[PDB]
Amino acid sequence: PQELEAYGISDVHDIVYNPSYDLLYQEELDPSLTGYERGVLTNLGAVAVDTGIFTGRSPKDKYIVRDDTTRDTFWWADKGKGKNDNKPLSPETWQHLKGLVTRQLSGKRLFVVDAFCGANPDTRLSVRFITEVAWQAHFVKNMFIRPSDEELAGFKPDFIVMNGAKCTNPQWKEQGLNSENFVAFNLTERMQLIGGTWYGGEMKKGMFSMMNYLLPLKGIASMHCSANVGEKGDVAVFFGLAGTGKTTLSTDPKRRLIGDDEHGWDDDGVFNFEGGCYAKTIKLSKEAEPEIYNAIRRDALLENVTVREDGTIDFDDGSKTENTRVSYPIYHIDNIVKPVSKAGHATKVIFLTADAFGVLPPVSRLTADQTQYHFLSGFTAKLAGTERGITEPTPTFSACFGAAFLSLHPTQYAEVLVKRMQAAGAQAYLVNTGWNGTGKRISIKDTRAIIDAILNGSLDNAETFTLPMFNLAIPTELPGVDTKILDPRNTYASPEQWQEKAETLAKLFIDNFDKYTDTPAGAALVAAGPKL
């Protein structure tokens, strides 16, 4: 307990260190629990919980302490270098938030989970997570790397994550913060503090943000991508924003899964940060996604799904949130890289996007300059009007396909990615997992056959022609793929109807890209973007 007292947490009478899966099951199903701690047992064998008022991350509540360690290296929200959520925090307000959390956890029954972030000993974080909520401990047991008993014996944390979801900050107005909630990081004390939000993804993406700070400064790419590997050792990575297909499409029975969301790329190859996968379950189809569906069993942890009185799950019900999720340890997938989630250098780099404007082609091979342009652009889009019965799509441009998690400037991630790709001779591709002129999403079946064709070389050998405006090389046909869909003009009444939309989208790309054109490298990439 005095070790806990070193963190500021007093008088803990009941300490649960390294809780087993069986204990976490017992704790969640305790009929005496109240409120959002409670779990419910589903007919699939997995416990389901509700994560409370927050059912996704709260970027507006994300703060990073600005001090002499971070001042000149962080990509700060206020430093005129493009928009981001790295809002500066004073060390004095940090101490206030730390007092809130440590007092909240003092005198409680605490779960302590030691885990690694990063598959390689030379660059991993040794993270100690502290929570008073059993399903939060379970989330981190699933999603981080579980140490061996030997690693546990000599465990030396170099980052502490203290989850005080049950406390809030009443001084937030005087302190200039956004709300009574907070997700704060301190790189001098090497700690994350959480208040107000119970959502487990803050811890997952928080540690991801810290890897995104430390690794590129050591020459190692740090990537919002999934990754898998063929029997020959050929590695693919799949970038993309939330919901664009990284987890869906890397979970592929023809490939060994490396990881689904967070990877590094060092001198030896591509390596997972995590010990689990965090899948979306909205409208989950057992036929369309059988491996992910099969992972939903005891020790998986369902979030915010609708569970019927009889224990069945209504996966289509988005009432609590569209962001229904399940975490599971990665070995709930049958065909994975083991015992360590890593492989060689990627030779296929796939940018996933869900184009709600219905303009981009299902697949295209990128030039080198197009790769850089679209990596910095980081496009996807949403049908935001759907619940009001309207389409109009809303663009998101998020640098590196994950600006919410970037702690350095986008160009620093671009430069090390390009360096790794060039050394490996990797080829890049752009895949629209989103919409076309039918006003419907491309089927998962068609997208998987597109991925197959990328990975087995058939797309590279295909005859291609250039789609106008975006100047994207697209194939005339592909094995097992519906041929009509390959040219996005074919799903509209006429190519001119596609063109009206392509022009709308091109202007959005051009306007977004302008902020990168204040270096000569950036200005020169304009020629690789869409052209009116």
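Note that residue numbering follows the sequence shown and begins at 1.
Looking only at CA atoms, which has the higher mean B factor in the entry: 520 to 528 or 14 to 22? The entry gives the higher C-alpha B-factor average to 520 to 528.
Stretch exceeding the other in mean C-alpha B-factor - 183 to 191, 246 to 254: Going by the record's values, the stretch with the higher mean is 246 to 254.
Would you mind finding, among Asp260, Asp149, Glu202, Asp114, the residue with the largest C-alpha temperature factor in the entry? Comparing C-alpha B-factors across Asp260, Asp149, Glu202, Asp114, the top value belongs to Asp149.
Checking the record values for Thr197, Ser407, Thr312, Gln104, which has the greatest CA B factor? Going by the entry's C-alpha B-factors, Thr312 comes out highest.
Is the Cα B-factor recorded for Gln136 in the lowest, middle or highest third of its chain? According to the entry, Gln136 has a C-alpha B-factor in the chain's lowest third.
Quick check for you: using the entry's CA B-factors within this chain, is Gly457 in the lowest, middle or highest third? Highest third.
Could you tell me which third, lowest, middle or highest, the C-alpha B-factor of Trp498 occupies within its chain? Highest third of the chain for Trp498's C-alpha B-factor.
If you rank the chain by CA B-factor, which third does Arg71 end up in: lowest, middle or highest? As the PDB entry reports it, the C-alpha B-factor of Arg71 lands in the middle third of its chain.
Among the modelled residues of its chain, does the C-alpha B-factor of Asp122 lie in the lowest, middle or highest third? For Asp122, the deposited C-alpha B-factor lands in the highest third.
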